Amino acid sequence: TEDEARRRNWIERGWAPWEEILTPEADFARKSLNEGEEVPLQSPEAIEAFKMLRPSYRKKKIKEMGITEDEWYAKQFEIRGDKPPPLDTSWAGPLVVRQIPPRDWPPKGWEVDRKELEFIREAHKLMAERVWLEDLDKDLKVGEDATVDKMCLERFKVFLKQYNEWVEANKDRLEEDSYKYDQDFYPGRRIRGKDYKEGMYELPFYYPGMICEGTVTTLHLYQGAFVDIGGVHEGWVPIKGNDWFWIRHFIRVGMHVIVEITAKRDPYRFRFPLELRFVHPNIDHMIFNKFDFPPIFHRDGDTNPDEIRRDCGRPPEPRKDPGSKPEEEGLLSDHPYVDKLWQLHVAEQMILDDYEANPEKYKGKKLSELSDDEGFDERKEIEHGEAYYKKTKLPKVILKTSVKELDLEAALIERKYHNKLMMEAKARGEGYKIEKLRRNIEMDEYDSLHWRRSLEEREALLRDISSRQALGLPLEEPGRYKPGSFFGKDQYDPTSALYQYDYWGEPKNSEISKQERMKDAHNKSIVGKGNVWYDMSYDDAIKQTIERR
Amino acid sequence: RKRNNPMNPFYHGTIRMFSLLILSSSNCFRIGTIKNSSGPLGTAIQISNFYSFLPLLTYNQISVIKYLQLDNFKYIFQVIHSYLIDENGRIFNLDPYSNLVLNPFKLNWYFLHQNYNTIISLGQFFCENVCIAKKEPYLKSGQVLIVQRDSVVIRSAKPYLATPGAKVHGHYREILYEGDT
Amino acid sequence: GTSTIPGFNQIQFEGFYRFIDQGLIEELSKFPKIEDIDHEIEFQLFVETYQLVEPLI
Amino acid sequence: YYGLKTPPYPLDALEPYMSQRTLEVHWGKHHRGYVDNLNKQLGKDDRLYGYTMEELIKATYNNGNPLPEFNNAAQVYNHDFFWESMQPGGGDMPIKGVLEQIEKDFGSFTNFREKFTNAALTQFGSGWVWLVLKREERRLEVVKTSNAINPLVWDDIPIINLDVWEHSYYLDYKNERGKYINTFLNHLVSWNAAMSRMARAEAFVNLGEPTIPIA
Amino acid sequence: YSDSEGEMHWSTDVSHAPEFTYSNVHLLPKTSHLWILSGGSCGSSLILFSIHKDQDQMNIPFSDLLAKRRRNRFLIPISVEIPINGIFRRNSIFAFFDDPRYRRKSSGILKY
Amino acid sequence: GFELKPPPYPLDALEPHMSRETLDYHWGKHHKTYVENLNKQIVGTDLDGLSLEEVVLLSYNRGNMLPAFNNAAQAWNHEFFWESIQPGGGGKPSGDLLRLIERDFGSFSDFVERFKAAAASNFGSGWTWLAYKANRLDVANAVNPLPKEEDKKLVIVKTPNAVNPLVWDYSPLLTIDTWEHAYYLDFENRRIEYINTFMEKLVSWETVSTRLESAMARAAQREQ
Amino acid sequence: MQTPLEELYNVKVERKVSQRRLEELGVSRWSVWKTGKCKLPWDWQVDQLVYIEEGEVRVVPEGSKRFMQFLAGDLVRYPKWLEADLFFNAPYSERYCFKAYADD
Amino acid sequence: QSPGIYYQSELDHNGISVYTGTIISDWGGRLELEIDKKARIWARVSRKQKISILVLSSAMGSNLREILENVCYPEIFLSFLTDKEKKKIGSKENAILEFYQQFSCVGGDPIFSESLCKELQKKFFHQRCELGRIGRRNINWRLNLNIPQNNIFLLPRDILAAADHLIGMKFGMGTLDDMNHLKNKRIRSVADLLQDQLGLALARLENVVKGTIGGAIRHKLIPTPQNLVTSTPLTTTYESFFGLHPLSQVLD
Ligand SMILES: [Fe+3]
Ligand SMILES: [Fe+3]
């Protein structure tokens with residue numbers, strides 16, 4: 001019906017019947033077009049709108065009403081429709097305050113006397129003291145008994161002394177950073193230039209829970225009301241969208257309010273470092289649209305989205321769930337350094353081979369004294385390229401290796417030791433096989449260290465799972481791994497029956513058919529028509545050879 | 001997972017979301033005792049009669065009917081009353097019949113502004129030649145986005161006249177691209 | 001064609017170049033391998049070594 | 001630093017439902033120990049100092065991998081909330097806006113009472129039972145948590161607390177947690193406190209309905 | 001057609017309910033003005049949706065001993081046969097071996 | 001149908017270190033309820049006929065604990081707890097246990113301090129265990145080709161609520177109940193005094209030594 | 001940005017650890033891991049305490065353009081759910097221990 | 001006309017709007033869809049042959065369950081499910097036989113066999129459901145689908161997506177196609193025609209060798225690869241194209 005749809009538009013889509021201030025021509029167009037196309041205007045509104053098409057008639061009408069022209073110009077910018085019920089803000093007892101230094105004093109990287117700081121911090125335990133309204137009368141100090149010198153504010157005065165020292169030493173640097181980072185001024189930014197006045201409160205002077213008196217300076221339809229609370233930054237009351245349709249009757253520019261600080265944030269990251277709520281007038285019942293998160297800047301140095309969301313309190317970028325439990329995956333034992341050890345192993349072996357074949361080159365030089373060739377760049381150890389094999393062209397990678405990272409003294413003794421055994425085997429009419437060398441043994445011990453590291457993580461993970469499942473703590477990082485249908489209703493699923501094209505046989509021009517026929521030719525050029533006698537895995541076809549040997 | 005992986009450290013616009021639009025200068029434009037000062041009054045403390053760790057401070061019309069306890073009706077006030085607790089637990093008022101608060105920076109008493117007992121309105125739409133005053137330039141079409149003391153920021157908008165029986169293609173707040181019906 | 005009138009025969013010229021440069025392969029690769037009933041004798045074409053010889057006349 | 005807040009009643013004011021000796025150990029030893037341990041931790045980290053109490057609990061919760069300070073910081077808030085959840089001459093039924101919200105979100109007060117009781121009876125081991133206000137859903141719910149966890153870590157607003165750690169009832173009821181729960185709902189729970197907590201929560205949730213023009 | 005990218009607004013004189021339940025077409029019982037509030041388009045931008053949120057300010061635009069066997073890879077210094085494209089499909093022969101024990105110089109037939 | 005066995009000593013035999021009132025409630029009410037509730041959840045199911053250890057592993061369900069796990073694990077835990085103490089306990093162990101303790105903790109005095117600290121820092125309800133770690137994992141590539149014989153060691157592990165080291169294939173040797181009902185009638189909040197009393201007056205090292213022999217034989221049978 | 005990587009990623013570091021703290025942690029009984037010049041990607045599934053005995057490592061979190069540097073003598077706690085790339089440019093040696101919930 | 005999907009709406013004899021959507025292949029194959037008076041969707045392959053949407057969809061491997069879930073109007077689709085049709089839809093093989101009965105209009109019950117699919121595939125799916133790269137691009141953009149550009153063949157969702165818009169087209173969501181717009185046309189130049197002749201000529205040469213291969217095998221002679229190949233399939237295919245094709249013209 002045309003009651004739920006209107007309500008749905010207000011709540012879901014943020015509709016509001018905002019006033020349209022029309023010119024006489026636009027006002028005539030809407031009043032006359034409701035009657036017909038080319039017909040005598042009959043309605044008193046359209047007839048009057050026809051007369052108002054001449055500004056001379058308007059001036060005569062204005063004079064007959066006794067008002068001025070500018071007053072008439074201001075009456076057209078008037079809120080139409082009904083008015084909201086007027087506010088009735090009641091005070092929940094008296095306003096009782098203490099002068100408590102902010103908990104976050106001092107700022108990061110600013111050094112203060114830690115003995116004075118501990119004296120300051122004693123006042124933070126005063127929040128625990130209980131105050132009853134039936135007791136703010138027994139020993140109330142008034143008049144001459146309530147002068148400032150009579151009050152104990154010693155801990156707050158030490159904070160003021162430290163605060164003033166920080167202000168005098170950091171005022172210029174803070175203004176310089178404002179110019180470096182913020183190109184234009186905006187409410188919530190640091191007041192600078194000619195608009196700055198000495199005595200404005202810096203951000204470390206404020207803390208959540210403080211009550212302030214201020215004036216409304218700016219209303220933003222999508223952000224809220226901005227209040228001057230005596231600081232170098234304006235406070236921000238978040239109000240947006242439809243709520244302003246009624247709230248604009250009560251929150252006006254220039255009026256005096258009482259606000260409470262609800263949050264204080266870093267102005268480099270957050271647009272509005274001081275977050276407020278109105279205490280007087282109370283408009284809690286009129287605010288329905290809420291900010292999920294406080295708005296932030298996306299600045300020049302913000303290149304990693306995961307870093308940005310940690311700077312604020314925002315969730316991680318969601319991912320598709322892998323569908324596999326990490327505690328059920330096989331352990332990892334391939335040490336990443338083994339690939340480097342293999343390169344050194346090959347470099348030593350081919351250096352040893354050249355030593356055997358061409359020992360005349362290696363005369364008078366100790367192998368440990370060898371140096372790389374002139375042009376050896378340590379930064380170009382990996383060169384990517386491409387090579388042609390017959391007609392096929394496979395890319396080829398060049399792995400440059402230094403001679404000074406090789407242990408040729410130990411390799412030569414191992415090489416000579418195995419030559420002697422090979423010679424002795426040859427003299428006996430027997431063959432000799434080397435099972436592994438020192439570098440291969442070095443690769444296994446690095447693998448064993450990596451395997452042990454994986455085992456210890458898995459064992460701790462299994463205990464961690466049982467503790468978290470018992471105490472109802474998350475197993476995965478919250479916000480990560482969103483479920484299905486979160487990423488869209490339409491997704492290409494090749495396995496799904498709604499995306500399959502070989503229902504009536506695989507197409508002959510399909511990419512699958514072309515690839516299947518390609519490897520059949522590649523295999524047939526090796527094997528052909530022979531029947532598969534029996535097949536065995538490589539791993540089980542190695543043990544049996546070891547057993548026979 | 002990261003461990004299964006098969007650069008070396010040793011070697012304008014404002015987002016409008018509800019669907020994304022960018023607001024910038026291409027679519028928003030401007031049309032041009034001691035003395036009381038605004039600032040903090042101190043930290044409001046918990047009043048045990050009201051059970052709340054952070055004090056309620058005030059009620060509105062609706063919440064006073066929903067949530068006001070019977071024993072607390074005697075404590076509802078129409079004007080503000082200010083009390084100060086020092087670090088030794090003493091309670092000060094100076095004048096319990098007016099609005100006096102302590103300035104935390106200068107450490108002096110001052111009066112509050114009130115005792116707490118423009119032409120253009122936010123969100124209004126303008127046509128392309130509306131007159132606000134004789135001595136002022138004519139307004140441009142759009143919606144009032146920002147209201148300040150002596151200026152207003154307008155978000156540019158274009159009106160289309162439609163007659164009865166016409167059909168609008170799109171829900172409210174639906175994004176329409178250039179050239180869309 | 002960006003700052004002059006293009007050659008009036010350009011459409012024909014580019015089209016024939018595309019036929020020689022890419023069109024031949026797309027059709028010569030759709031030629032099926034020919035196998036008999038008994039699968040004894042198999043005929044195939046090595047398309048990567050296709051050649052075009054300039055006209056003798 | 002945080003002080004140890006006294007309960008809003010004398011330590012013998014919950015008799016005979018909660019004995020004076022229970023209050024002396026529960027508040028004077030357990031709650032005091034949490035405050036003292038937290039204050040030592042806050043004196044070594046300037047960043048954790050300077051958080052508000054709610055901010056500290058959310059920050060130390062660390063999105064499900066809690067920091068060493070979380071258990072103390074959460075427990076000091078939990079116990080402060082718990083003492084204010086009770087009053088002499090408490091129990092029976094709520095009134096006014098608390099009753100209407102309960103009847104709207106549970107169907108009736110009887111339905112809420114069974115949900116609260118079953119959550120408290122089925123919480124295994126140490127933990128807490130909460131009546132909370134959901135921020136996103138704008139409704140009341142019954143939630144049970146284990147050890148020191150409180151609904152603040154998920155941006156929910158607690159309304160009523162019940163401690164089901166064994167130290168809160170073992171001297172008076174031993175293994176009979178069900179009797180302890182029944183006594184709490186019949187003679188101790190402070191619906192007056194819930195009224196003010198709902199009023200404070202309405203500054204962030206707005207359980208009402210908007211006034212929509214017919215224009 | 002819309003002269004510019006933007007969002008739709010009407011105040012009055014447009015039916016809030018669509019002409020049909022599925023559709024996004026609304027009728028006008030009276031003469032009205034439809035407003036297109038200007039706004040920049042995201043275009044082909046990604047939009048992270050975890051860090052880009054309402055009212056954010058964007059200052060930036062949107063011989064076995066020489067071989068090795070590892071996870072899903074191996075190196076080889078048996079004759080290796082690689083396809084013409086350098087690409088293997090499932091169940092592909094890459095290396096064969098001619099055992100001399102089955103080599104013969106005389107003709108015959110094979111029985112198995 | 002599992003049966004609640006009594007402790008291996010008279011209910012007055014642990015005085016004054018553990019009062020009869022504690023045993024009346026810990027064994028007569030808490031432990032009894034765990035067995036009674038377990039028997040209601042097993043009857044008519046496939047959990048019938050298996051030993052309590054099998055029921056604990058089955059109901060754990062690789063972390064997605066089934067409804068019977070809390071009753072089954074707690075019933076096993078308390079039976080283990082009553083056998084861990086004796087009326088004339090405390091002192092020092094000997095034999096292979098003392099050799100293993102010194103190997104894996106430096107000295108007996110070092111082990112006692114580490115065990116007491118673990119029991120004190122166990123937040124909430126839970127158990128603190130001395131276990132013989134000879135576990136095998138049900139995943140791929142989880143077998144050591146060349147065992148070093150030092151991989152089967154003693155560990156101190158803490159668990160919350162009803163969890164015990166059986167669910168990770170460890171062999172428990174000693175436990176202390178740090179649920180508050182185990183000590184609140186005798187020590188109120190003073191858990192440190194309860195832990196110190198346990199290690200000086202109550203712990204039965206001969207039972208711990210006996211359990212170590214079975215754990216060692218368990219590993220020996222697996223290795224053959 | 002302005003915030004250091006250690007603060008953003010909750011990487012507790014205790015540079016120049018005293019021998020007293022090492023013995024309180026029982027580092028002498030921790031397992032040993034070592035490497036040469038290489039690159040190790042890892043996603044931490046539990047917290048890990050690492051005491052560097054020789055060399056240095058530069059840790060680049062996933063998607064990051066900056067790095068954290070830890071040198072010999074530092075005690076590092078890598079948090080659970082951290083995804084990072086570890087870079088080594090020289091011989092490196094460490095003693096480690098993985099920590100489950102509670103534990104240490 | 002370029003391959004793609006075109007949404008038309010022709011008036012019937014009574015002046016009632018009827019909306020039609022046609023899929024054009026790279027070969028000019030037309031798989032027409034329509035909305036009848038009873039809202040039953042028919043796959044008009046010819047002026048006399050009509051095939052229901054559900055039968056065609058099920059013969060391609062789409063089960064009855066997913067079709068209802070993924071269409072904006074499942075209640076419409078269920079409203080036309082006769083009892084006889086449901087039993088055949090329940091199995092993929094029976095739907096193929098039902099599709100063949102309607103497509104061939106041959107009296108009798110066919111028996112599923114591999115040869116039947118091969119004959120059905122060439123007559124219908126090789127001619128009508130091979131979109132090509134241009135058709136896949138036009139299908140994707142017109143129907144707002146994120147399907148990779150490499151898939152040159154028709155997918156079940158593409159057929160299903162055409163059914164969804166057809167309903168939404170009848171109810172005022174969208175615009176009808178203009179067939180005379182040049183964005184719906186494509187130009188075939190000398191490259192396209194000369195490539196067709198080469199493709200046609202290579203199909204003949206394959207059968208030329210197939211005939212010659214059989215002859216050598218029947219005579220047990222070793223055939224030189226040359227004697228298996230004669231030049232006429234390539235020479236005479238081009239002389240016949242230039243002499244007879246209406247697009248080959250004597251130069252003025
Ligand atoms: Fe407690
Ligand atoms: Fe127990």
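Below, chains carry the letters A, B, ... as their sequence lines are ordered, and counting in each starts from 1. Remember, it's 1-based here, ligands and their atoms both numbered in the order they're listed.
- Between the Fe ion (ligand 2) and the N, O or S atoms of F:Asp177, the shortest distance is to OD2.
- Using a 3.5 Å distance cut-off with no hydrogens or angles, the side chains of F:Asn161 and F:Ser125 do not pair a donor with an acceptor.
- Ring planes of F:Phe81 and F:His26: tilted class, angle from 30 to 60°.
- No more than 12 heavy atoms of other residues, nucleotides or ligands shown are found within 6.0 angstrom of NZ on F:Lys32.
- Nearest N/O/S atom of D:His79 relative to the Fe ion (ligand 1): this is NE2.
- Heavy atoms of other residues, nucleotides or ligands lying less than 6.0 angstrom from NZ of D:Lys115 number 12 at most.
- When you scan the N, O or S atoms of F:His181 for the one nearest the Fe ion (ligand 2), you land on NE2.
- In this structure, NE2 of D:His26 and NE2 of D:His167 enclose an angle of 90° at the Fe ion (ligand 1), rounded to 10°.
- The Fe ion (ligand 1) does not have D:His30 among its coordinating residues (no N/O/S atom, backbone or side chain, under 2.8 Å).
- At least one N, O or S atom of F:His78, from either the backbone or the side chain, sits less than 2.8 Å from the Fe ion (ligand 2).
- Put simply, F:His30 stays out of reach of the Fe ion (ligand 2), with no N, O or S atom under 2.8 Å from it.
- Restricting D:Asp163 to its N/O/S atoms, the shortest distance to the Fe ion (ligand 1) is reached by OD2.
- Environment of CZ in D:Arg113: crowded, with over 12 heavy atoms of neighbouring residues, nucleotides or ligands closer than 6.0 Å.
- Side-chain polar atoms of D:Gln75 and D:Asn78 form a donor-acceptor pair below 3.5 angstrom.
- The closest side-chain heavy-atom distance from F:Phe198 to F:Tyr183 is not below 4.5 Å.
- Taking backbone and side chain together, D:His31 holds no N, O or S atom under 2.8 Å from the Fe ion (ligand 1).
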